[PDB]
Structure formats: C-alpha cells, structure tokens
Amino acid sequence: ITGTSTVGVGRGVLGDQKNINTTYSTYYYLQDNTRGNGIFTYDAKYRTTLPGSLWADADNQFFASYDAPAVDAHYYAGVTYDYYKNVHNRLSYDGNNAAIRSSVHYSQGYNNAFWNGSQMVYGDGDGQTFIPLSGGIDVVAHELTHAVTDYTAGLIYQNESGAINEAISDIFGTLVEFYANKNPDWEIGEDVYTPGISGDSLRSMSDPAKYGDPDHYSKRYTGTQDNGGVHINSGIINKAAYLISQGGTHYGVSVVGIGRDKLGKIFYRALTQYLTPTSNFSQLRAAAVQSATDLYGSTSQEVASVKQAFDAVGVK
Ligand SMILES: N[C@@H](CCCC[NH3+])C(=O)O
Ligand SMILES: [Ca+2]
Ligand SMILES: [Ca+2]
Ligand SMILES: [Ca+2]
Ligand SMILES: [Ca+2]
Ligand SMILES: [Kr]
Ligand SMILES: [Kr]
Ligand SMILES: [Kr]
Ligand SMILES: [Kr]
Ligand SMILES: [Kr]
Ligand SMILES: [Kr]
Ligand SMILES: [Kr]
Ligand SMILES: [Kr]
Ligand SMILES: [Zn+2]
C-alpha cells in the first residue's frame with residue numbers, strides 16, 4: 001500500500017517486546033519499507049487461501065495474542081533479510097530485493113510452515129506439538145532460505161538433491177539464529193516445538209541421531225516417504241556442516257573446526273556458484289571443496305577441514 005513509514009511495537013509468540021516497521025494509510029499495515037522492495041505480512045484468518053489480507057491494525061500496537069505470530073513473521077523476515085545483505089551482500093532472496101511476503105494463521109492447528117514458491121506460510125500449531133511457528137527465528141530463516149535456493153542452485157526437492165536443499169535451509173536458518181544471537185544453538189525449531197517438553201527440537205545438527213536421523217552416508221534412507229527422505233538424509237549434511245564449523249571426532253575421524261563465518265562463506269559460495277538442480281552428496285563435497293579453495297587456497301586448513309568433515313560422514 002502507498003503510505004508513510006512508521007514504527008509500531010508489539011509482542012512476539014514468546015512474549016518478547018519488539019519494534020516493527022509498519023506503513024500508515026488510515027490503518028497501520030505490516031509493511032516494512034526499509035528493506036528492499038518491502039517486507040509484507042498477511043493474515044490468512046485460519047483459512048488456506050493465500051496470501052490473505054495485508055495485516056491491518058488500528059493503533060500501531062500489536063500486543064494481542066492474535067497479533068503475536070504476525071509480529072514475529074514480520075520481524076524475523078527482517079532479521080533474515082539483514083543477514084543475507086550484511087553477511088553475503090545478497091539483496092533479498094532473488095538478489096534484486098524482491099518483496100518478502102509471509103502469511104500467518106494458516107489453517108487451523110497447522111503444525112508446519114513452508115515456502116510455497118512465492119511466499120512464506122506459517123501455521124499456528126495445535127498448541128501441543130507446535131506453538132505458532134513464526135516464533136522460531138531458525139524456522140523463519142529456514143523457510144526464506146528455500147526461496148534463496150530456488151533462485152540459485154535450484155536443488156530438486158527429492159532424494160539427495162532434496163536432502164541438500166533441506167540441509168542448506170537448516171544451515172542458514174541456524175546461522176541467522178547465531179547472527180541474531182538470542183540463545184542460539186545447533187538445533188532446529190526448539191523455540192516453537194512441544195511447549196510441554198523442555199530441551200527438545202525437531203532436528204539436531206550437532207547430533208542428528210538424537211531424533212533418529214542419519215549422521216553417516218552408510219545410514220542413509222533410500223525409501224520413498226518424505227520425498228525420498230529429504231528431512232531425514234539432511235542429517236548427513238547437517239552433521240558435516242556442524243563438524244566444519246565446530247570440529248569434533250565422528251566415527252573416529254577428527255575434524256578441525258573453522259567457525260561459523262567461514263562455514264557460511266563456503267556454503268553460500270557453493271550454493272550460488274557450484275550446486276545445480278541435480279547435485280548429489282558427492283557433488284556437494286566437490287562444490288564445498290572448490291568453494292573453500294577459491295576463498296582460502298588449495299592447501300588451506302579450510303579445505304582440509306571440509307574434506308575431513310565429508311570423510312567423517314562417509315561422503316566420498
Ligand atoms: N518441517 C518438517 C517437520 C514438520 C513436522 C510436522 N508435525 C516436515 O515437513 O517434514
Ligand atoms: Ca492494535
Ligand atoms: Ca535458540
Ligand atoms: Ca535453533
Ligand atoms: Ca519443546
Ligand atoms: Kr523498527
Ligand atoms: Kr525485501
Ligand atoms: Kr503472495
Ligand atoms: Kr533473503
Ligand atoms: Kr524448519
Ligand atoms: Kr515451545
Ligand atoms: Kr538413522
Ligand atoms: Kr542420501
Ligand atoms: Zn525445509
């Protein structure tokens with residue numbers, strides 16, 4: 001909508017207060033004009049017609065419980081935009097500041113979130129498996145990273161290329177969580193998953209096996225459910241990325257950690273310059289090795305650690 005840029009205030013899903021960029025024209029809208037072509041947040045009103053209505057509020061205060069998922073979808077899309085711009089010189093998901101659109105209150109008791117090819121969509125959860133999923137910054141950034149992948153490598157969402165697609169979203173979802181630096185970790189979705197259970201998450205990058213996901217190529221799922229295991233076999237790549245950053249010894253193979261920033265640079269370069277729609281795990285290893293070589297040199301510690309990490313998870 002055409003209007004003047006304003007700053008509202010509200011509370012997110014977890015009860016934290018934050019300021020949000022809004023737009024005023026009779027109503028205050030969740031329309032952030034400060035980032036690219038805009039960040040826009042919509043109300044799906046418990047239905048599945050998308051995007052729904054651009055979020056309108058009478059007084060620029062967003063403290064109602066119904067407001068909370070919108071506040072966080074809006075705010076964390078902003079954080080994610082800032083991450084890609086400041087850390088990777090990427091302007092929104094298409095690199096040309098495409099508008100970022102999100103819808104909240106999708107369906108009823110919907111225990112998921114997704115990128116639908118055009119926008120982000122967040123369920124409210126059923127209150128037992130999930131609370132509203134935009135409450136997790138790693139979730140928001142995971143979903144927006146699917147948009148980045150779709151505009152860059154274009155990894156096909158099945159089998160090994162799909163597992164890489166998923167892992168890329170977990171990796172950068174996690175790196176955005178560290179960037180915002182509010183109790184960050186190497187777990188996925190812990191802030192919105194099972195409110196009645198402390199200390200768990202949907203997936204773990206540090207130990208995928210904790211939730212039954214493979215941490216080695218020899219343990220890969222080869223069946224047909226979950227598009228050939230895209231959320232399952234992602235654990236193999238998530239573990240490799242974790243090892244590259246943090247180091248460790250895994251099935252007897254020791255990896256020297258090189259830290260999160262370099263992990264991010266190596267994988268962002270692989271994603272945008274080397275991976276293709278059909279890339280498999282072996283081809284990811286090659287892309288990561290060549291990316292690290294480009295950035296740090298063929299005899300660098302960084303290249304050695306990438307190789308160690310993929311060795312550790314049995315890839316090549
Ligand atoms: N996002 C993952 C986990 C969601 C679990 C929903 N109960 C998937 O779609 O497989
Ligand atoms: Ca209000
Ligand atoms: Ca956290
Ligand atoms: Ca996390
Ligand atoms: Ca929990
Ligand atoms: Kr703001
Ligand atoms: Kr944007
Ligand atoms: Kr949209
Ligand atoms: Kr982005
Ligand atoms: Kr996620
Ligand atoms: Kr939760
Ligand atoms: Kr497994
Ligand atoms: Kr795999
Ligand atoms: Zn995903």
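Computed from heavy atoms alone, side chains included, the values below leave out hydrogens, waters and symmetry copies. The residues of the chain are indexed from 1 along the displayed sequence.
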Show every donor-acceptor pair shorter than 3.5 Å between a side-chain atom in residues 178-186 and any protein atom, with sequence neighbours excluded, or say none if there are none.
{"residue": "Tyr179", "atom": "OH", "partner": "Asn86", "partner atom": "ND2", "Å": "3.0"}
{"residue": "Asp185", "atom": "OD1", "partner": "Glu187", "partner atom": "N", "Å": "3.0"}

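Applying the side chain to side chain donor-acceptor pair (under 3.5 Å) definition to pairs two or more places apart or across chains, those involving residues 37-47 are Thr41-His74, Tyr42-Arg101, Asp43-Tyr66, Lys45-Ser53. Within the structure, the side chain to side chain donor-acceptor pair (under 3.5 Å) test picks out the following pairs touching residues 122-131 (sequence neighbours left out): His105-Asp124, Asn111-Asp126. Sorted by first then second residue, the ring-ring contact (aromatic ring centres under 6.0 Å, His included) pairs that include residues 280-316, not counting sequence neighbours, are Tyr217-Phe281. Applying the salt bridge (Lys or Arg N to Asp or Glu O under 4.0 Å) test to every pair with at least one member in residues 71-90, sequence neighbours left out, gives these pairs: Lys18-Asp72, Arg35-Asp82. The salt bridge (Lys or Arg N to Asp or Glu O under 4.0 Å) contacts involving residues 164-174 comprise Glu166-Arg203, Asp170-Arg203, where partners must be two or more places apart or lie in separate chains.
Between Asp57 atom CG and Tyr29 atom OH the span is 10.5 Å, to the nearest 0.5 Å.
Residues meeting the salt bridge (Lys or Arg N to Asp or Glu O under 4.0 Å) test with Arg285, sequence neighbours left out: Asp311. Applying the side chain to side chain donor-acceptor pair (under 3.5 Å) criterion to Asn97, with sequence neighbours excluded, gives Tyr81. Shown here are the side chain to side chain donor-acceptor pair (under 3.5 Å) partners of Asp213, two or more places apart in sequence or in another chain: there are none. Shown here are the side-chain contact (heavy atoms from CB on, under 4.5 Å) partners of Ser169, two or more places apart in sequence or in another chain: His142, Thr145, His146. Residues satisfying the ring pair (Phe, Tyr, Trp, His ring centres under 6.0 Å) criterion with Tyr221, sequence neighbours excluded, are absent altogether.
Through side-chain heavy atoms spaced under 4.5 Å, either directly or across other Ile, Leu, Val, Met, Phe, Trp or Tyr residues, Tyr110 is tied to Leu50, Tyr106, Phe114, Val121.
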